[PDB]
Amino acid sequence: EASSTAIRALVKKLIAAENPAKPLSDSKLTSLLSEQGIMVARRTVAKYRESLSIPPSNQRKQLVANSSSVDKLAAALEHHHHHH
């Protein structure tokens, strides 16, 4: 039951080992994990996101956003997994 607090830092790694400077959205963090085949940060990060609920003025985005307009949806285009 004490493991619930151990994950509190896990969600931090998704941004601790990346360049959140410009960006600040999911997918990226899941990329480094998907490099081998992992795929949890997707729903995991989002699940904990609502829990952590970061305060305002912590978006790290003055008045710029390009990666958010590019609408990168090429990932779904390669969606066709299959078990067994």
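Parameters and conventions
- Residues numbered from 1 in each chain as written, not as in the entry; some residues may be left out.
- Heavy atoms only, no water.
- Helix = DSSP H or I, 4+ residues; strand = E, 2+ residues; numbered from the N terminus.
- Buried < 20%, exposed > 50% of the residue type's maximum accessible area, 1.4 Å probe, protein only.
- Areas by Shrake-Rupley, 256 points an atom, 1.4 Å probe, with all protein chains shown as cover.
- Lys, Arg positive; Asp, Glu negative; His and termini not counted.
- Charge placed at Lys NZ, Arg CZ, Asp CG, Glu CD.
- Core = buried A, V, L, I, M, F, W, Y, C linked by side-chain atoms within 4.5 Å.
- Contact = heavy atoms within 4.5 Å.
- 1 Å grid on protein atoms, 1.4 Å probe; cavity = no way out; pocket = protein on both sides within 12 Å on 5 of 7 lines; lining within 4 Å.
- Points joined across faces, edges and corners; volume = space filled by probe spheres on them.
- Nonpolar A, V, L, I, M, F, W, Y, C, P; charged D, E, K, R; others polar.

Novice: Summarise the overall build of the protein chain; cite the residues concerned and give the values.
Specialist: Along its length, the protein chain carries 5 helices and 0 strands. Listing the helices and strands of the protein chain from first to last along the sequence gives α-α-α-α-α. Counting only C-alpha atoms and orienting by the principal axes, one finds that the protein chain spans roughly 45 × 40 × 20 Å. Each of the 84 residues in the protein chain was classed as buried or not, and the buried ones make up 7%. Accessible area for the protein chain stands at about 7900 Å²; split by element, carbon and sulfur atoms hold 55% of it. Where the 12 positive side-chain charges of the protein chain centre and where its 7 negative ones centre are 6 Å apart.

Novice: Tell me about the nonpolar core, and name the residues and values.
Specialist: Judged by nonpolar contacts, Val 11, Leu 14, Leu 29, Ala 41 and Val 45 together constitute the single largest core of 5 residues. Looking at this core, the elements that each hand over two or more residues are α2 (10–16) and α4 (41–52). Each residue touching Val 11, except ones within four places of it in the same chain, is listed here: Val 45, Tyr 48 and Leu 52.

Novice: Before we move on, can you summarise the layout of surface pockets with the specific residues and values?
Specialist: Each pocket or cavity is described by its volume, and for the largest pocket that value is around 990 Å³. In this structure, the largest pocket is lined by 28 residues; those nearest its centre are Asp 26, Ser 27, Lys 28, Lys 72 and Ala 75. With 4 residues, the single largest contributor to the lining of the largest pocket is helix α3 (residues 28–34). Counted by class, the lining of the largest pocket contains 10 nonpolar, 11 polar and 7 charged residues. Together, 22 residues line the second largest pocket, and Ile 15, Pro 20, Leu 24, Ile 54 and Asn 58 are the ones closest to its centre. Secondary structure elements with two or more residues in the lining of the second largest pocket: α2, α3 and α4.

Geometry only, nothing functional implied.
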